[PDB]
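The number in the deposited numbering is simply the position in the first sequence, starting from 1, with 51 added.
Okay, structure first, notes after.
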Amino acid sequence: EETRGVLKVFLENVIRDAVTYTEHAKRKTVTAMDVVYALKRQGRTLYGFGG
DNA sequence: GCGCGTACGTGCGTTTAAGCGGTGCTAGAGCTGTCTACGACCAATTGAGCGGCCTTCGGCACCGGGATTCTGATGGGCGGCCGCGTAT
């Protein structure tokens, strides 16, 4: 139960960062691309899927 | 170290819902195409900003003068010294 709470914490913040750009971009269908930059912000850079 | 307790791992059976590949639909990203507003650039004038330089009143904490309270030598008067001393 404890971890689910955190998992949620983490998703929330990242998706929070991600969603804004997508809105910024005048679109709904939020991209994988945002998922990542948003991750790069919080400080969890990912190698694999992007740009 | 040791001992008590119990909770969490390992199993089977029951059960529940992910993953698969099948189709359909249209939304929303991506492209594309024309206009023009807003930002860069160059100019000239102006005062906000920085170095240089020294300001004044208020607040913390040390202070100031005057009446008043407590301690000390002074002193006549009632008593006691019993022991040397003059007079008959």
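Virtual Cβ for every residue (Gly too), placed ideally from N, Cα, C.
Pick from 78, 58, 99 and 76: whose alpha carbon is nearest that of residue 87? For the purposes of this step, residue 87 is identified with residue 36 of the first sequence, where counting begins at 1. With distances taken between Cα atoms, residue 87 lies closest to 99.
Please state if the CB of residue 71 and the CB of residue 82 are separated by a distance shorter than 8 angstroms. On the first sequence, position 31 is the one that residue 82 refers to. On the first sequence, position 20 is the one that residue 71 refers to. Taking 8 angstroms as the Cβ cut-off, residue 82 and residue 71 do not qualify as a contacting pair.
Could you give the C-beta distance for residue 93 and residue 65, rounded to a whole number, given that I count them as a contact under 8 angstroms? Locating residue 93 in the first sequence gives position 42, counting from the first residue. Locating residue 65 in the first sequence gives position 14, counting from the first residue. Confirmed, Cβ separation roughly 6 angstroms.
Report the three-state DSSP secondary structure of residue 69 (helix, strand or coil). Taking the first sequence and counting its residues from 1, the one referred to as residue 69 is at position 18. Three-state DSSP puts residue 69 in a helix.
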